[PDB]
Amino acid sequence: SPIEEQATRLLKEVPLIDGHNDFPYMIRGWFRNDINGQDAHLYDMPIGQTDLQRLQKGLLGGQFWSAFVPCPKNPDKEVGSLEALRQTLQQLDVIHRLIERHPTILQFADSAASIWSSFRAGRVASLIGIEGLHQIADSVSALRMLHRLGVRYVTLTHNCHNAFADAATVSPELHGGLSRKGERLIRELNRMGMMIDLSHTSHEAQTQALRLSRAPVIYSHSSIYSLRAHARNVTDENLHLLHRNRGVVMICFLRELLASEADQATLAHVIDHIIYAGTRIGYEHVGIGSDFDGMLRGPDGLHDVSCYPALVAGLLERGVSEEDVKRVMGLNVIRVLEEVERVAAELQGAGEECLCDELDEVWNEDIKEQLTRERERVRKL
């Protein structure tokens, strides 16, 4: 088919960069992060919507691999929070090991330049994002170390309220948007060059984050509210504030977010959602955020990661121009990551002060007096 040829050509010209895939958590469920001698299974998985053979088949250019861990449910609240931090390092560890053991398919990327160089080599550009600020255990230091480990976006919440922001699916509201800590964290995320992700966050938390952020943000996996009313979807108000923010809404393949009846959801609905956003806020602010392996079943026509060429062909069939399809595929999310890193470079270049942790006093006054007396003794010499 000529349109299938056109879609294949576009997929080779520019990388289709998917906003969210939970294949690392599927590895934790199935293999329990032990992938030694599991290559036959990693290429041909007995479960899920992602494996390395189907990943090649769909001609995907890049991927933000989710380092999701569940919201803490332990009665001991400090233990649950600290457990999430240890589990986060396990998920970052298995993502890095997945990339390093399969260098011909996957190549790690943390920037616009690293995405392109990965794509030129014929590799899937493998980026990392964490799904919720519960994962950092209330530690801004830990968050900066997650950035150093290769994390390039942070979803502000998952399906639980935290110290910083409100989740969409939890009632009642705790903060009614962002907290005072949350507002201060927006500045720190902009300063360090961490891309803000507004999926899973409440409508009010989106509105506040979109006005406050000095860098463009993303929705790593969210759909349109006007087409399908859901707490997880993006309202017209927040779509306009995303336009001002210069951000990108990466459209989700979750069936509950595309249609009221789940079994009726399709590839055509995903394209309706992409076209709606592209029509109203322009095609430079729309992306693709599948949430593959964050669901049991996908829409009809988008059952797994091999189905991306059908989406590219489907967009072209509707009359979306090649240039606008390339934008939706990956150029938009590359631009946001590029602008996030430029905003960080200019804020760091202007000597903006970093957000410190709230640390307890480890020494009493007796320890400090011994230390100051000792220093002055050395000054006398």
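Residues carry their position along the shown sequence, with the first being 1.
- Stretch comparison (187-195 versus 262-270) by mean CA B-factor in the PDB entry places 262-270 on top.
- Set 83-91 against 173-181 and average the Cα temperature factors; 173-181 ends up higher.
- In the deposited entry, the Cα temperature factor of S321 places it in the middle third of its chain's modelled residues.
- Among all modelled residues in this chain, the alpha-carbon of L359 has a temperature factor (C-alpha) in the highest third.
- Remark: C307 belongs to the middle third of its chain, ranked by C-alpha B-factor as recorded.
- Annotation for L10: CA B-factor lies in the highest third of the chain's modelled residues.
- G330: CA B factor in the lowest third of modelled residues in this chain (values from the PDB entry).
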